[PDB]
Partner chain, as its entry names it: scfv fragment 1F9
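Listed next as structure tokens is one chain, alone, in the form solved without its partner chain.
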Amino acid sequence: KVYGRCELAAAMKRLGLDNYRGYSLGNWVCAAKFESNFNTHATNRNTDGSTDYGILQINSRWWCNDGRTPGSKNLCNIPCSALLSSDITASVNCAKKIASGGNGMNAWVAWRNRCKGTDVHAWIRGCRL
């Protein structure tokens, strides 16, 4: 599924992301945009045998098991296929665990590069939340 900007913002709000570990909702929307262009089917290989899955490009080395990544730690306790669903619940619950790491949202390089430090409130402007 390819989400609309405000459709995604609303779904994320209902799942508890606004102000999670000090990050306002627009951070998460902006991250999703630059990670996947809002496409739940997005995948990208990593040069290490792991793969990034879904709207938030969550990797199979640490976070989910895809059955083809040697030594996956599967910290989110989920098959990576669950991150490709039209329902973003699994992706959001996993994303909260990633953002609980020392470096927070810096785990997403696209967020660091394109979102961090900007007025991310813009990403939820015009949405009825």
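Residue numbers count along the first chain shown, from 1.
Keep in mind that the form solved in complex with its partner chain is not shown, yet the notes after this line are about it.
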- prompt: At 4.5 angstroms, heavy atoms only, are 42, 68 and 81 all close to its partner chain in the deposited complex?
  reply: no
- prompt: Taking heavy atoms only, is residue 96 within 4.5 angstroms of its partner chain in the deposited complex?
  reply: yes
message: Whether residue 106 contacts its partner chain in the deposited complex should be assessed with a 4.5 Å heavy atom distance threshold; does it?
response: yes
message: Residue-level question: is residue 21 within 4.5 Å of its partner chain in the deposited complex, judged on heavy atoms?
response: yes
- request: Tell me, yes or no, whether residue 38 is in contact with its partner chain in the deposited complex, where a contact means a heavy atom of each within 4.5 Å.
  value: no
